[PDB]
C-alpha cells in the first residue's frame, strides 16, 4: 500500500514535468506519507498562514490588536489586492486584513500582517519559536513569489510546513481562541476549490491556503476533516522548469487523491 502510493506520486511527478513535494500527516494513527518532503520549495502565498498566525500569537498579549485600524493608501497597493483595493483611503482592521490574506490571498493584507509583527525576519523568528527551523520568509509582497530554482529565499519543506500546520491548527502553538480563529479563517478560504479540495470527496471539510508564483509554482496547504475520521494535514508543493510555466492545480488535486485513497 505504501509502495503503491510512492510509485503513484513518482509517476505523477514524471508526467507533470516538474518537481513535486508532498507531506501528509494522518492524525488517526500518527502516520505520514512523504515525497521530497525535506526539499525546499518556494511557499508563495502559503506563507500567509504563518504571517496570520504570528499576528494571532501577538494578539494573545494585546487584546486590541485584531481591532487595530490600518490605513490603506495607494502606496500600499501591490500587484494583487482584491479586498484592499476596495478600501483605499479608509482603514481595515487587522482581523479584516488577516481574513483577506487567508481567504482571498490579498497581497496588501499580507504586507500589513508582516509589517505589524516586525517584518519577514520576525515572521521567521515566530516559526523558529514553534520549533520550525526550515521556514524562511525573506521578502515582502510581491517579490517573495519569484520562485527561482535553486533560490532558498521564501522557502520551506513539505515536512516542515505539515508539522507546523498541525501545530497551528490542531496543536497548541496558539491559544484556544486564536487557534479557533485561524481554523475558521482557513475553512472560509475562497481560493482553493481547484487544488487539494478537487482531489477529495465533496463531503470532506477543508481549511486550506493556496499559493502561486514564478516557474509555474502551484501550492496548497490544508487541514482536512474526512467524514467521521480524525483530521489530516496535507502539504502539496509543485514547481516547474520554465520561468513562465502556467499553474498546474490538477497536479495538487491528483496528489491529494493519491495520498488519501482508502481513507
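Numbering follows the first chain given and starts at 1.
- For the pair 213 to 221 and 226 to 234, the mean Cα B-factor is higher in 226 to 234.
- With 184 to 192 and 79 to 87 compared on mean CA B-factor from the PDB entry, the stretch scoring higher is 79 to 87.
- Among 252, 10, 22, 25, the highest C-alpha B-factor recorded in the PDB entry belongs to 10.
- Ranked by C-alpha B-factor against the other modelled residues of its chain, residue 59 falls in the middle third.
- Residue 117 sits in the highest third of its chain by CA B factor, as recorded in the PDB entry.
- Residue 29: CA B factor lies in the highest third for its chain, per the PDB record.
- When the modelled residues of the chain are ordered by C-alpha B-factor, residue 48 sits in the lowest third.
- Placement of the Cα temperature factor of residue 42 within the chain: lowest third of the modelled residues, per the deposited record.
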